[PDB]
Amino acid sequence: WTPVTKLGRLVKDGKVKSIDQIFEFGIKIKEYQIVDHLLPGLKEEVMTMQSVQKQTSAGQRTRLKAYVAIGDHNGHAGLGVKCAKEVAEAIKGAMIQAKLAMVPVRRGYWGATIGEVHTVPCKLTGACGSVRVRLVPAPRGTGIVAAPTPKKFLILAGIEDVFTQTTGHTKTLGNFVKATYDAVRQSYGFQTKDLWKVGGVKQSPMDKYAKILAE
Amino acid sequence: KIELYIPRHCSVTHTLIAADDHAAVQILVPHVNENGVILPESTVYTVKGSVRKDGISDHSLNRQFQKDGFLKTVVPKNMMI
Amino acid sequence: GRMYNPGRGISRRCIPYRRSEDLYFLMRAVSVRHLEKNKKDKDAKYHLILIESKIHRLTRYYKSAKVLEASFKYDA
Amino acid sequence: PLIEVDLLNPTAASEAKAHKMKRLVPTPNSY
Amino acid sequence: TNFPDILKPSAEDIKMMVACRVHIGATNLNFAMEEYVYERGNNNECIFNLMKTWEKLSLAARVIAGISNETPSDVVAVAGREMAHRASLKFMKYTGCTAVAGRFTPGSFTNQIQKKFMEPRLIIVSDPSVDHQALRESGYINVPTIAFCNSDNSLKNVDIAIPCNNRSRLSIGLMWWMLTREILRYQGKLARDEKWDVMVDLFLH
Amino acid sequence: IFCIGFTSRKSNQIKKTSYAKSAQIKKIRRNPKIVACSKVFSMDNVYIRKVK
Amino acid sequence: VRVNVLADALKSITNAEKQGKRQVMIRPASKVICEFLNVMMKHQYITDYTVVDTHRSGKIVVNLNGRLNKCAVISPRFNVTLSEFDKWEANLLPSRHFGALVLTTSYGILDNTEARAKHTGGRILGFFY
Amino acid sequence: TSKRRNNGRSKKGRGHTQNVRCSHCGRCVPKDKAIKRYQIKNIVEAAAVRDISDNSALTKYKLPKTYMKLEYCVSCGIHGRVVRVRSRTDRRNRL
RNA sequence: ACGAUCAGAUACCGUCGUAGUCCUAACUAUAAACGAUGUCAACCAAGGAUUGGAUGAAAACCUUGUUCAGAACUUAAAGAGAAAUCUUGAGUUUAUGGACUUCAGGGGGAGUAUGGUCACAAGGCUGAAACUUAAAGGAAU
RNA sequence: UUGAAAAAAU
């Protein structure tokens, strides 16, 4: 309520309907309340609750770092990280970052265009630090063949069939989820053959309604 | 529908634009009449993020502007491809 | 680059776009083999091995090309 | 380079500057 | 068509640019600015092509005019160097475009929680070398930029570059004066066949 | 008779170091005016430092 | 030394496309490199090319249009039986609908979809997304 | 690991250089790795040049200056305060 | 070998001094022998400067433009990586295949034992196992 | 110019 951004103003008065209308034009989401408006009923998952420490003269200053993955099962997902002195505040703080870090997930078919979309369109690899995760499209029956850590994330993104091959120190969970999210994050940057067509002339929402929000 | 959306295509590199690409721009050049006053009609140019951060956006656009006619002699003949 | 040293020289003759013994010269080996008086010259005693290894490669080729007679062999 | 130029049709001046073997069609500098 | 005949630079405009030695640039030449450079001067300095200066000048003004013809506040004109403070301030007066006068506080395009947080759709900088901070913040908000680049500046995160002398007092005031006049001509609020009342001396520092 | 010398700079010279080649050096080998070797290199500090 | 001219050309084309260059140049041009481009041209991955004769196996200038992702050669050309195709497709190609293999068969230099139609095998040259 | 890109020396395209002697310790140090300083000093200090010129046996004698080039090892250079341990970013500065 | 300092000093500190440090002849064949970075080839952002030619102007040396080869340097919002950092690669790599050679498989035991061979010798090269133990280690905060 | 050492598990 009472947004502080131009895009955030458009959403509150119901001028921007779909979330993907934001994603086409690269408009950054700077308020989490925007995601809660155009993406109702976001399922919730908490991956790990890891504690970091800082050595001081008196002792150790411990803070709790929380990874949360968010997203509806219709091709939208996000991952957020926040560390704070309390567990309740850490999840709430990571909640906001997860919503602000929403990213569309491109999914296609394996071999036949029989609805509906189930698996990734091509081969994607996400590079966190030493951990590398590779996603391979799979036939209809095969589930999410992956470790328990990215399988929880891939469920939220709405990918039901996938083949995964992992490399690196997967025992550190922070990089494992980040490498999973990094693989999906670039699914829409791989210009396949079917995306050759330029497309029609569209207009940015921040330009269509530029005069309207001026007052 | 299967696609979430149809991503934009960079006018300079003829390559897709990422949803997280926060350096890409969108330059609108309105058409002008015989009197020399702008019109509500305009043409839209999109430049990818990585192109800008190299020093290439300005020269690459001049190739497109000259081709579309908004410039006359900025870019030499042997530099147009 | 060069056959033995790491130099990379690209100087070349340039035949235009219009169409309108070396083994003997490499026997240099005689000149260095000078070595009879400068016995301590460990440099020329190395550049001679390089020259002689070149000769054993041109002979090895001129025999395959059936240019030199099959009994040829370079020696002092 | 980063500022891309035409390769098929080099300028008259540019082929005079470049190395004789590095021209589009190598030609000597003699007569 | 796209560059009609009403858009040649009249002899008045060319007469003043040579007078204000706009064409005179620096000594070190950036690779990206070789096209605008016509020839080197007698003491090894770049001499910008006056026609190439004007063609880019009008094109920049056309882009500003379209964006600023309904939302004047959506254009931001930053000017770091003390020389260009007055001219940047008059540009704000006659078009309604916001203009940051002095130092540009970092995070004024990215930190929404700021009280002075502005979110524009176009940015005009007086000098990319002095105002590198403003140019770098554009790469976070998807906002195209326009610069009065010189022969030595780096063309990173600039889309429309106007080759002109951005160090002298006269050229700095003159080019901003031409940009404001050209913008008004495109807006239709100033006839092309008349003379602008305000003299260049108002823009001068 | 011992002589000394040093290759000199030039009025328009920009590069810091003015060294002579080995081939050039061998050519230069009450008043010392030796200097006019000015057709081989630029020399300024020419003295006779010892006589035995 | 230049063991494989095709490898040098493909790696030169891939580098140019990453930088967004408008055209590239390949110094030693062979019939195999010319025929490899026709497979990429027939799929509209590259606009066209121009074999300029220099009396020394002249150069090539290739026009690219923002479509090629990666074209790579394969080291020694493995004999590929027709039953070994989908094993190779499942490795070198991103998806069943996008990639394209290249094989030098007795019927010229074909791709996978038309060597399969022609019912032939052969040595594998390379691939391109 | 690598504290310096040139490994603290100034040798690039050679394999060996002659040693020299640290001016304060006599330690054998390579010529290129030595800390080189050039000193030009008057033989007569400022506190005495008045007396020397006062009762001088000559007319217009111009007093001379010494010229000695000093080379130190690293340990003697730091201890002698010739050079200091600079900041991590200030290490690259070469002026 | 003396004299100091010290709890002691067989060490750093001072003094004297054999082999050795130099040359010739024959051995030895190891170094933090290092760029801790194999050789060869293709592509590859921006900039200043330098060693040696060639080529125009400027009246051998200096000033400027092009180009070839060499030792290097600076910037990156890009590429790589665990990071330090690298960019004339440590880039073009899960989107993995340019050619070839050598080397490594947790830490010790150990470059040790035995066998072979080279050397006058010290030693070099090739080179294990039994057993023992949950870490040993790298870069950065 | 001198300044050696600080048991094991928590």
# chains A, B, ... in the order shown; residues from 1 in each chain; ligands from 1
$ residues_around --residues "residue 1 in chain J" --least-positions-apart "4" --cutoff "12 Å" --atoms "only C-alpha atoms (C1' of nucleotides)" --output "PDB file with N, CA and C atoms (P, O5', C5', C4', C3', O3' and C1' of nucleotides), in the first residue's frame"
ATOM      1  P     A I   4      86.656 -12.454  27.818  1.00  0.00           P
ATOM      2  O5'   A I   4      85.705 -11.279  27.327  1.00  0.00           O
ATOM      3  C5'   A I   4      84.300 -11.380  27.475  1.00  0.00           C
ATOM      4  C4'   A I   4      83.571 -10.620  26.400  1.00  0.00           C
ATOM      5  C3'   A I   4      82.069 -10.547  26.576  1.00  0.00           C
ATOM      6  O3'   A I   4      81.694  -9.516  27.465  1.00  0.00           O
ATOM      7  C1'   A I   4      82.594 -11.102  24.334  1.00  0.00           C
ATOM      8  P     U I   5      80.692  -9.832  28.671  1.00  0.00           P
ATOM      9  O5'   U I   5      79.347 -10.237  27.932  1.00  0.00           O
ATOM     10  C5'   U I   5      78.620  -9.290  27.170  1.00  0.00           C
ATOM     11  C4'   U I   5      77.323  -9.885  26.699  1.00  0.00           C
ATOM     12  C3'   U I   5      76.635 -10.781  27.711  1.00  0.00           C
ATOM     13  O3'   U I   5      75.830 -10.054  28.618  1.00  0.00           O
ATOM     14  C1'   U I   5      76.761 -11.892  25.635  1.00  0.00           C
ATOM     15  P     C I   6      75.637 -10.574  30.121  1.00  0.00           P
ATOM     16  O5'   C I   6      74.902 -11.972  29.949  1.00  0.00           O
ATOM     17  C5'   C I   6      73.597 -12.051  29.402  1.00  0.00           C
ATOM     18  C4'   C I   6      73.235 -13.468  29.040  1.00  0.00           C
ATOM     19  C3'   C I   6      73.280 -14.473  30.169  1.00  0.00           C
ATOM     20  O3'   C I   6      72.175 -14.385  31.040  1.00  0.00           O
ATOM     21  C1'   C I   6      74.266 -15.404  28.242  1.00  0.00           C
ATOM     22  P     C I  13      77.324 -12.048  12.828  1.00  0.00           P
ATOM     23  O5'   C I  13      77.480 -11.378  14.257  1.00  0.00           O
ATOM     24  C5'   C I  13      76.880 -10.128  14.545  1.00  0.00           C
ATOM     25  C4'   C I  13      77.690  -9.377  15.563  1.00  0.00           C
ATOM     26  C3'   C I  13      79.187  -9.351  15.311  1.00  0.00           C
ATOM     27  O3'   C I  13      79.584  -8.377  14.366  1.00  0.00           O
ATOM     28  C1'   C I  13      78.795  -9.970  17.543  1.00  0.00           C
TER      29        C I  13
END
$ residues_around --residues "range 54-62 of chain B" --least-positions-apart "5" --cutoff "7 Å" --atoms "only C-alpha atoms (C1' of nucleotides)" --output "CSV table (one decimal) with N, CA and C atoms, in the first residue's frame"
chain,number,residue,atom,x,y,z
B,12,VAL,N,20.4,-4.0,-32.2
B,12,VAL,CA,21.8,-3.9,-32.5
B,12,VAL,C,22.4,-5.3,-32.8
B,75,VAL,N,27.7,8.3,-40.4
B,75,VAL,CA,28.5,7.0,-40.5
B,75,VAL,C,29.0,6.9,-42.0
E,32,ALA,N,36.1,5.4,-30.1
E,32,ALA,CA,34.6,5.4,-30.5
E,32,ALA,C,34.3,6.8,-31.1
E,155,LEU,N,32.9,6.3,-23.9
E,155,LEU,CA,31.5,6.2,-24.3
E,155,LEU,C,30.8,4.9,-23.7
E,156,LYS,N,31.0,4.7,-22.4
E,156,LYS,CA,30.3,3.6,-21.7
E,156,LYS,C,29.0,4.1,-21.2
E,158,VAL,N,26.5,5.4,-22.8
E,158,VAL,CA,25.9,6.6,-23.5
E,158,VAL,C,25.4,6.1,-24.8
E,159,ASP,N,24.2,6.5,-25.2
E,159,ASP,CA,23.5,6.0,-26.4
E,159,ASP,C,23.6,7.1,-27.5
E,160,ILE,N,23.3,8.3,-27.2
E,160,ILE,CA,23.4,9.4,-28.1
E,160,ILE,C,24.5,10.3,-27.6
E,161,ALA,N,25.6,10.5,-28.4
E,161,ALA,CA,26.7,11.3,-28.0
E,161,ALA,C,26.8,12.5,-29.0
$ interface_residues --of "chain H" --to "chain I" --cutoff "10 Å" --atoms "only C-alpha atoms (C1' of nucleotides)" --output "PyMOL selection string"
chain H and resi 1-3+5-7+11-14
$ write_last_selection --atoms "C-alpha atoms" --output "PDB file, in the first residue's frame"
ATOM      1  CA  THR H   1      50.290 -16.239  -2.357  1.00  0.00           C
ATOM      2  CA  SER H   2      51.840 -13.895  -4.889  1.00  0.00           C
ATOM      3  CA  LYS H   3      52.455 -10.653  -3.030  1.00  0.00           C
ATOM      4  CA  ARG H   5      53.434  -9.484  -9.906  1.00  0.00           C
ATOM      5  CA  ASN H   6      57.120  -8.848 -10.629  1.00  0.00           C
ATOM      6  CA  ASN H   7      58.089 -10.880  -7.533  1.00  0.00           C
ATOM      7  CA  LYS H  11      64.030  -8.456 -14.134  1.00  0.00           C
ATOM      8  CA  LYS H  12      61.835  -9.626 -17.006  1.00  0.00           C
ATOM      9  CA  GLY H  13      63.653 -11.120 -19.985  1.00  0.00           C
ATOM     10  CA  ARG H  14      66.872 -12.407 -18.436  1.00  0.00           C
TER      11      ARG H  14
END
$ residues_around --residues "residue 49 in chain B" --least-positions-apart "3" --cutoff "10 Å" --atoms "only C-alpha atoms (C1' of nucleotides)" --output "list in words"
residues 10, 17, 18, 21, 22, 23, 24, 25, 46, 52, 53, 54 and 57 of chain B; 139, 140, 142 and 157 of chain E
$ residues_around --residues "range 21-38 of chain G" --least-positions-apart "4" --cutoff "7 Å" --atoms "only C-alpha atoms (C1' of nucleotides)" --output "VMD selection string"
chain G and resid 5 to 6 9 13 16 to 17 42 57 to 64 109
$ interface_residues --of "chain I" --to "chain E" --cutoff "12 Å" --atoms "only C-alpha atoms (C1' of nucleotides)" --output "VMD selection string"
chain I and resid 45 to 48 64 75 to 77
$ select_by_dssp --residues "range 13-51 of chain F" --states "alpha helix (DSSP H)" --output "list in words"
residues 22, 23, 24, 25, 26 and 27 of chain F
$ interface_residues --of "chain G" --to "chain I" --cutoff "6 Å" --atoms "only C-alpha atoms (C1' of nucleotides)" --output "PyMOL selection string"
chain G and resi 1-2+8+12+74-75
$ residues_around --residues "residue 47 in chain A" --least-positions-apart "5" --cutoff "8 Å" --atoms "only C-alpha atoms (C1' of nucleotides)" --output "list in words"
residues 66, 67, 68, 69 and 149 of chain A
$ write_last_selection --atoms "N, CA and C atoms" --output "compact mmCIF listing (two decimals), in the first residue's frame"
# COMPACT_ATOMS: atom_id res chain seq x y z
N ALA A 66 18.85 -17.18 6.45
CA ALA A 66 17.72 -17.98 6.00
C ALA A 66 17.59 -17.90 4.49
N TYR A 67 17.53 -19.05 3.84
CA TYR A 67 17.20 -19.15 2.42
C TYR A 67 15.74 -19.55 2.29
N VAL A 68 14.97 -18.77 1.54
CA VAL A 68 13.60 -19.14 1.21
C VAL A 68 13.43 -19.10 -0.30
N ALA A 69 12.72 -20.08 -0.82
CA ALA A 69 12.37 -20.16 -2.23
C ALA A 69 10.87 -19.96 -2.36
N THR A 149 17.48 -30.92 -2.52
CA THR A 149 17.57 -29.47 -2.37
C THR A 149 17.05 -28.72 -3.60
$ interface_residues --of "chain D" --to "chain B" --cutoff "8 Å" --atoms "only C-alpha atoms" --output "MDAnalysis selection string"
chainID D and resid 2:6 9:11
$ residues_around --residues "residue 36 in chain H" --least-positions-apart "3" --cutoff "7 Å" --atoms "only C-alpha atoms (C1' of nucleotides)" --output "PyMOL selection string"
chain H and resi 70-72
$ interface_residues --of "chain F" --to "chain I" --cutoff "8 Å" --atoms "only C-alpha atoms (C1' of nucleotides)" --output "ChimeraX atom specification"
/F:10,12-13,39-42
$ write_last_selection --atoms "N, CA and C atoms" --output "PDB file, in the first residue's frame"
ATOM      1  N   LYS F  10      68.402  16.136 -26.737  1.00  0.00           N
ATOM      2  CA  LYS F  10      68.176  17.083 -27.815  1.00  0.00           C
ATOM      3  C   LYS F  10      67.072  18.040 -27.397  1.00  0.00           C
ATOM      4  N   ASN F  12      64.354  19.026 -29.015  1.00  0.00           N
ATOM      5  CA  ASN F  12      63.029  18.499 -29.306  1.00  0.00           C
ATOM      6  C   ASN F  12      62.823  17.082 -28.791  1.00  0.00           C
ATOM      7  N   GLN F  13      63.847  16.469 -28.203  1.00  0.00           N
ATOM      8  CA  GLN F  13      63.747  15.079 -27.788  1.00  0.00           C
ATOM      9  C   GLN F  13      62.693  14.912 -26.703  1.00  0.00           C
ATOM     10  N   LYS F  39      78.260  14.197 -36.172  1.00  0.00           N
ATOM     11  CA  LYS F  39      77.660  13.529 -37.314  1.00  0.00           C
ATOM     12  C   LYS F  39      77.391  12.055 -37.047  1.00  0.00           C
ATOM     13  N   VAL F  40      77.705  11.569 -35.845  1.00  0.00           N
ATOM     14  CA  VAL F  40      77.428  10.198 -35.448  1.00  0.00           C
ATOM     15  C   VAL F  40      76.423  10.133 -34.308  1.00  0.00           C
ATOM     16  N   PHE F  41      76.550  11.014 -33.321  1.00  0.00           N
ATOM     17  CA  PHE F  41      75.611  11.070 -32.211  1.00  0.00           C
ATOM     18  C   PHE F  41      75.748  12.423 -31.529  1.00  0.00           C
ATOM     19  N   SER F  42      74.844  12.682 -30.593  1.00  0.00           N
ATOM     20  CA  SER F  42      74.778  13.954 -29.887  1.00  0.00           C
ATOM     21  C   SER F  42      75.562  13.830 -28.586  1.00  0.00           C
TER      22      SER F  42
END
$ closest_atom_pairs --of "chain D" --to "chain G" --cutoff "8 Å" --atoms "only C-alpha atoms" --output "tab-separated table"
residue	atom	partner	partner_atom	distance
D:4	CA	G:21	CA	7.1
D:7	CA	G:61	CA	7.2
D:8	CA	G:61	CA	6.8
D:25	CA	G:54	CA	5.6
D:26	CA	G:54	CA	7.5
$ write_last_selection --atoms "N, CA and C atoms" --output "tab-separated table (two decimals), in the first residue's frame"
chain	number	residue	atom	x	y	z
D	4	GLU	N	33.33	-1.97	-35.97
D	4	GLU	CA	33.41	-2.91	-37.08
D	4	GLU	C	33.27	-2.20	-38.42
D	7	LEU	N	34.60	-5.71	-44.61
D	7	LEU	CA	35.77	-6.52	-44.95
D	7	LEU	C	35.87	-6.83	-46.43
D	8	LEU	N	34.74	-7.04	-47.10
D	8	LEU	CA	34.77	-7.41	-48.51
D	8	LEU	C	35.32	-6.29	-49.37
D	25	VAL	N	43.88	-9.09	-50.87
D	25	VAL	CA	44.62	-9.91	-51.82
D	25	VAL	C	46.07	-9.44	-51.77
D	26	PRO	N	46.99	-10.25	-51.24
D	26	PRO	CA	48.37	-9.78	-51.04
D	26	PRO	C	49.04	-9.40	-52.35
$ atom_distance --atom1 "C1' of residue 81 in chain I" --atom2 "CA of residue 168 in chain A"
13.0 Å
